[PDB]
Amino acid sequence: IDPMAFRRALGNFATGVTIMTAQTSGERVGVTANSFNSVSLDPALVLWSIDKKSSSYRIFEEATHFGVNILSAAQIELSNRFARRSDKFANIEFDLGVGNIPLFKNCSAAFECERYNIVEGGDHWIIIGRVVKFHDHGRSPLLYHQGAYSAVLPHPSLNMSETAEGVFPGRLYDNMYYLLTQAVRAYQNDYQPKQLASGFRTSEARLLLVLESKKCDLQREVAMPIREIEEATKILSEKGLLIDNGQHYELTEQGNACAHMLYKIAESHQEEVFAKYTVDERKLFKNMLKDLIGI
C-alpha cells in the first residue's frame, strides 16, 4: 500500500502530543512523539515507536531511563522545538527525575519510566518502559489530528428531547460556557462535512486560508509542524492550488478560489440562521464574541 496515503489515513486517529526525553554523562535527547500509548497497569507499562534511523535512538538505547511528557494546549512551541533535528534544550527550562529524566514545566502529565524492553516494529523501534513515577496535573491537553494541532472541545452533547428544560443534561448546564461549546458543535457538524466534500483536510484548509492573505512564521500561524506543512503544500501543489518556487508559498488563481469558497462555507451556517435578525443585531453578536475573546 502507499505509505503516504496510509500516513494520511492514520491522521484520523486523534492523539495527544508527547516529548520523549532521556539523559545518560551529559548526552541528552528530546523527541516529540504521538505514538505513545498505555499498555498495562500491573506492572505499569507504556510504549511508543521511535524511528530506527533517528539519531536519538542511540541515546535512548544507552540511557537506562526515559520520560514521557504529556504536553498541554499552551506548549505548541515546545512541540515544534523538539520536532526538528538540532541543541534542542537551549533556552528550555526543565527538571531532572530518576535516571536524570528531563522533565518540562507546565505539562499536562509526566511519566518517568525505566527502560523495560525494546521490540521490533517495522521501520520503527517499539520502546516499552516501566512507569516508576508519574505526575497527574490535569491541564488542558494539546491535540494532534489530521496533521494539525487542536484542542479539546469540552462539555457533553445536548439531547436534541421533549421539554425545553430537558435539552440540557442538568439544570446547571444552562450557562453561557455550555451554550458556546454546543454552538461550536452545531457549527462543526455543518462545516466539516462541507469541507470534506471538497476534498480538503484540516492541514489543507489552514494553509489555503493563511496563504490567501499574505517556514517558521507559517508554522506559528497555522499551528502545524514543519513536517506537515511540507506534506500539505506538496499535495496542494499536486492539485494545482500552490506553487513552491523555492522562496515561499503562493496560491494560484485556482488556490485563491478554493480559499474563498471555504470562507463562504464557514459563513453559510450563520448567514442562514441569522437572516431574521437585523444588521445591527448581527453586528452586536460579533462585538460580544470579540469581548469574550479579548479583541
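The first residue of the sequence shown is number 1, and the count goes up from there.
In this entry, no coordinate-free residues of the deposited sequence separate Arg171 from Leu172. According to the PDB entry, the deposited sequence contains 1 to 3 residues between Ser86 and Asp87 that lack coordinates. For the segment pair 239-247 and 27-35, the entry gives 239-247 the higher mean B-factor, averaged over Cα atoms. On average the C-alpha atoms of 87-95 have higher B-factors than those of the other stretch, with 188-196 and 87-95 being the two compared.
For the set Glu204, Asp136, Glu120, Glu165, the PDB entry assigns the largest Cα B-factor to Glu165. Per the PDB entry, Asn159 shows the highest C-alpha temperature factor of the residues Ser140, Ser79, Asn159, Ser150.
The PDB entry assigns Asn12 a C-alpha temperature factor belonging to the lowest third of its chain's modelled residues.
Split the chain's modelled residues into thirds by C-alpha temperature factor. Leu218 is in the highest one. Residue-level temperature factors show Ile19 in the lowest third of its chain, judged at the C-alpha atom.
Ranked within its chain, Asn256 lands in the highest third, by CA B factor from the PDB record. Among the modelled residues of the chain, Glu230 sits in the highest third by CA temperature factor in this PDB entry.
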